[PDB]
Amino acid sequence: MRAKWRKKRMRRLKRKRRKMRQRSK
Amino acid sequence: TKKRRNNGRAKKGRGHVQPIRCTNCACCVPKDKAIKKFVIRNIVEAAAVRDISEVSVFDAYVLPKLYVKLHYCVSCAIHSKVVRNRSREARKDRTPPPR
Amino acid sequence: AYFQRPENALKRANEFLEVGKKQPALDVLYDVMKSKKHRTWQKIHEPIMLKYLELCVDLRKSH
Amino acid sequence: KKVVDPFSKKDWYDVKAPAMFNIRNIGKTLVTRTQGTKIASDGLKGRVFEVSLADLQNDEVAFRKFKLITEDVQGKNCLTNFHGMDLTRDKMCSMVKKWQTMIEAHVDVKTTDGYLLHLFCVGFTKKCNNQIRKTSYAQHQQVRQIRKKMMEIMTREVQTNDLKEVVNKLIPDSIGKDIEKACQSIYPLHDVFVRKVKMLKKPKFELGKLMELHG
Amino acid sequence: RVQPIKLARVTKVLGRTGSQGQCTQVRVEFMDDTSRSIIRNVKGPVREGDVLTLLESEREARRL
Amino acid sequence: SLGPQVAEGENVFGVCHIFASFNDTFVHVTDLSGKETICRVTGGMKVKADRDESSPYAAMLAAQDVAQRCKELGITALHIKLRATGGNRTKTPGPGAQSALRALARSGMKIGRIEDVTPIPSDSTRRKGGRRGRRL
Amino acid sequence: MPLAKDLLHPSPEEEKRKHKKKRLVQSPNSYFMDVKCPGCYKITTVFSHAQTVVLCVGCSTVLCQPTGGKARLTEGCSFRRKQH
Amino acid sequence: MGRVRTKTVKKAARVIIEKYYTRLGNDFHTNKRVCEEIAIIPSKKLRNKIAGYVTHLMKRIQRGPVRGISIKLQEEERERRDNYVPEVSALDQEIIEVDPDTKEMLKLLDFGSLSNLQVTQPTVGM
RNA sequence: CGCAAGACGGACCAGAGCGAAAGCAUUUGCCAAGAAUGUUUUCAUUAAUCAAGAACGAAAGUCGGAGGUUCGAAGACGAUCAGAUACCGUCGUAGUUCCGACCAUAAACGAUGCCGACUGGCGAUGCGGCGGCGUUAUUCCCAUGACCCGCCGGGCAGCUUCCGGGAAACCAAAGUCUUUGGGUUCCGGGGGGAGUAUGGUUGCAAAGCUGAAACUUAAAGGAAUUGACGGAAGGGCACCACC
């Protein structure tokens, strides 16, 4: 199911990027 | 490309149809996709009947039938040889096998 | 099956008469006089017909 | 228990049926003979026997089963009474088939005696002898009209009778034959039976009424 | 516990069985009561009307 | 031993319960009410490896062991009740079912009526193995 | 239909077979009839697809009953159509 | 093993029987001599195989027709089933019954007057 | 043999019915709603399709109460194996059931907007109406139920054909198109980067909606034909195969 797993991989990367940027200011 | 005109299912004029669990593997599939087989047999085999009729206490008795209804998914029906694959024109025949 | 031996026709008709119903005590005895399985004559056909004609007289069923 | 030959300590007893049935001997059964605080009759009472009607009546009908209970022990005899009736598994499996309607009903009722009974009834639609169509289905209002007639006839026969007259109707099953006659004006029916009876409650022990069913 | 030897006569040969075709499948009729018959599997070369020796009569076998 | 003191011209009946599945088979004979046990023997008492416990041969050997103990205790005829596992599961009898029945006939017991007794739900709790089934 | 049947002259058995709105010119299947009963004999007029439980001038309790199609008469002496 | 006969044998045997039916018979040793003088055959071993199938075909032709072979003796009795049979001296006679709707069809065609009549069942047979 | 608790409605069950879709199967009663048909009832253009705005919306998931039979993410162990954080087995938390608030997604599929007209044949099937010779049931007719033979509406579908269309597979519509115009809503423009970054907005959270560019590339893709190949199926053969 590679497209469903590429979608899951992007969601966890975006959750990391969310928490990283919103801490800065 | 589309393989079957009926999508491999009986559903026309409906949204949802309830599932059933298979008699071999307990996989979950729709009641109208499942492959049916109703089996009627004697409790005593055609070899054994004579040995069990002569020890009977009664002057007349008739040995009972056993009734079972079976449900398969496509993978179990193919692997257990209940159904075979067919030629592109032969797939259209809806009549059951000869006796 | 329907009747396994024609003797067990009377052993049925006697039970509807014990319950007090005469119509279903006929029909049993009618088919047993009218089925190809029991067309060879036997001592039990007299007791059958002697019960049958008593019921046809008492219910006044001439046909 | 690790007894050496416990079958040396067992007494055989006879089992006797109610006086309605044409053959009155059921068979034989075991119990351990009496010891301090453990009497043999307390082990024999309350046992259930299930018997084919063809062994109570010496016909071939075979497919009705009757249940009997032990109530008291007299000498080497155990005395029994009615507890229910049922149809054999292979009979009911042979009736339910495709392209037909199946109709069922049930009631709770009392006799003129104190017994409370629960009854179940079944019937199936009939293929007419000229029919060229493949299916014999009834419409929903025809099914509702038939079910009211099943309950109406089935309650009428129990309310005004005792357990003696109730069992005399169940032996030939005149109940199912009267339902089958009445419904032919709504939709013809081809198999019709009282398929099960359960007993829910019963009166005091009453030894005189027990012996009236045995003398 | 113990049971006796039985003798039986071959009345028909039915085919060959086993992974390499090693065993013949055969019908036999007993030497005492000539109304009885069963089917058996046999290891060697077999011909119609041979007499076999059975160490048990009660066992019967289909297609291994 | 002691059966009934009558021993000529008529039969003494028991009930035989045969429970035949995959994995094992039971042969178990009782009093006519079902409350007292006379004897019980199983496929796993006759063989010495787990593959063989459901076999036709183990079931024949268990039935011959039961029928000798019946005659020794004075029973002469049997009613038969047959089971497969039932409930959510397969409800077809296991492979040892046919062999036990003929083996108690061939060893001299008289045969009464025979019944199928497997338990069937009107509808049931959820069956084991998940939505994708057991996969092999 | 063949390739050449003319549309201006349908036979009366071709016209009587088809739906009331799909004829060449429209016409109803319903009609008026005159009805009469025992005990009081004043004749009255009724419509064959009536919705009303009609009471006659003779004051009998039912002349006809309504139904999903034609109304049914209570065994009255006439079902005769009026001609026009 | 395999004893099936190839088309070189089967075609040569048919052509011999079409031309020389009056010379042939059931004796292999006489057929073997006839086939050597009416035909050029390159090998003794091929001559024996041709006379063998000719001997098989003669024993079939004594019972009935063989679809690939024709002879005057069998054609002239076919020509006697052709033409007219000994069966009857006149046709099956026109005195036959009529159903009421055929009587009405003939009435509109200005005909009838020579047929008996009866009606069918009350409702369509099932 | 008898008691208790929580979940579920087998067989009958079908290319059958109902609903805007998601969905809907034990009995009996109560409340409000609806399609088609019948009609020589009545109003008289009141209609079609839709930015903004609004109701409903499988399963999983979140918050607060009650319950907990069966099954079972995470987790603890037994096997298998080079390893096995998996497939197979034993046990089990959250959840799976009910009540009250949230959430707005799906291969949510006929991968196929809605309204209207026209263009071949045939046999069935569910509902309402119309006509007809017999058989069967209740009361003695009549009326009415079960069956049988036709006709008319509108419904879920099937078979057939050189209607015609198409790249073909196939389609009575996916037809009436270079002989190109019945009305009207949404929406695509070679393959990737990408449903990503950034701003707005809704949410308790998970997340939903809206949504780029720099840069990179000669093909990526659809339908069908002949080979080769399969731990796919069916026949047949060989001591350079096996018994």
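By the numbers in Swiss-Prot, the shown part of chain B spans 2-100.
Placed from the backbone N, Cα and C atoms, the Cβ positions cover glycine too.
Swiss-Prot has this to say about the protein:
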| type | residues | note |
| --- | --- | --- |
| BINDING | B:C23, B:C26, B:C74, B:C77 | Zn(2+) binding site |
| MOD_RES | B:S54 | phosphoserine |
| COMPBIAS | B:87-97 | compositional bias 'Basic and acidic residues' |
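Feature map: Swiss-Prot annotations on the structure.
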{"residue": "B:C23", "record": "Zn(2+) binding site", "DSSP class": "coil"}
{"residue": "B:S54", "record": "phosphoserine", "DSSP class": "helix"}
{"residue": "B:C74", "record": "Zn(2+) binding site", "DSSP class": "coil"}
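Distance from the CA of the residue listed as 'phosphoserine' to the CA of B:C74 (Zn(2+) binding site) is 40 Å. Helix first, then strand, then coil: DSSP counts for the compositional bias 'Basic and acidic residues' (B:87-97) stand at 3 helix, 0 strand, 8 coil.
The binding-site residues listed here are B:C23, B:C26, B:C77; among them, B:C23 has the most other Cβ atoms within 10 Å of its own Cβ. The Cβ of B:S54 (phosphoserine) lies under 8 Å from the Cβ of B:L64, each on the same chain and at least six residues away in sequence. The Cβ of B:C74 (Zn(2+) binding site) has 22 neighbouring Cβ atoms from other residues within 10 Å, across all protein chains displayed.
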